[PDB]
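Q: Contents of work_9.tsv (TSV, C-alpha atoms):
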```
chain	number	residue	atom	x	y	z
Z	1	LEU	CA	-8.06	42.61	5.47
Z	2	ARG	CA	-8.88	45.57	7.82
Z	3	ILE	CA	-10.90	44.95	10.98
Z	4	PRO	CA	-14.00	42.97	9.87
Z	5	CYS	CA	-16.70	44.80	11.88
Z	6	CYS	CA	-14.88	45.34	15.19
Z	7	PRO	CA	-11.85	43.07	15.93
Z	8	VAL	CA	-12.91	39.55	17.02
Z	9	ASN	CA	-10.61	37.33	19.19
Z	10	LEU	CA	-7.82	39.73	18.04
Z	11	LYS	CA	-9.38	42.18	20.54
Z	12	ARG	CA	-8.83	39.84	23.50
Z	13	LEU	CA	-5.37	39.08	22.08
Z	14	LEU	CA	-4.75	42.85	22.27
Z	15	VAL	CA	-6.08	42.81	25.85
Z	16	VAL	CA	-3.58	40.01	26.67
Z	17	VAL	CA	-0.80	42.12	25.08
Z	18	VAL	CA	-1.89	45.12	27.22
Z	19	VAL	CA	-1.91	42.88	30.33
Z	20	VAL	CA	1.60	41.66	29.42
Z	21	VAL	CA	2.76	45.29	29.00
Z	22	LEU	CA	1.17	46.21	32.37
Z	23	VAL	CA	2.85	43.17	34.00
Z	24	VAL	CA	6.16	44.25	32.45
Z	25	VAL	CA	5.61	47.77	33.85
Z	26	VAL	CA	4.87	46.14	37.23
Z	27	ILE	CA	8.09	44.09	36.93
Z	28	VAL	CA	9.97	47.30	36.02
Z	29	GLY	CA	8.49	49.21	38.98
Z	30	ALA	CA	9.30	46.22	41.22
Z	31	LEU	CA	12.90	46.13	39.94
Z	32	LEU	CA	13.19	49.92	40.49
Z	33	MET	CA	11.92	49.43	44.08
Z	34	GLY	CA	14.42	46.54	44.46
Z	35	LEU	CA	13.26	43.25	42.88
```
Could you express the structure from this file as structure tokens?
A:
Amino acid sequence: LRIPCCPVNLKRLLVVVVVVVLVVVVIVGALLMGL
């Protein structure tokens, strides 16, 4: 329950999520440019 004492591997999971979101934003920008 809660974060233990800073999130463990969950942190790098969050980083992966952020990367995914960034990549999606890149895909969106790319699509807006053309593809």
Q: Between atom CA of residue 19 of chain Z and atom CA of residue 2 of chain Z, what is the spacing in Å?
A: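 Computing it gives 23.7 Å between the two atoms.
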Q: Work out how far atom CA of residue 22 of chain Z is from atom CA of residue 5 of chain Z, in Å to one decimal.
A: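 Those two atoms sit 27.2 Å apart.
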Q: Interatomic distance between atom CA of residue 17 of chain Z and atom CA of residue 3 of chain Z?
A: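 Result for atom CA of residue 17 of chain Z versus atom CA of residue 3 of chain Z: 17.6 Å, one decimal.
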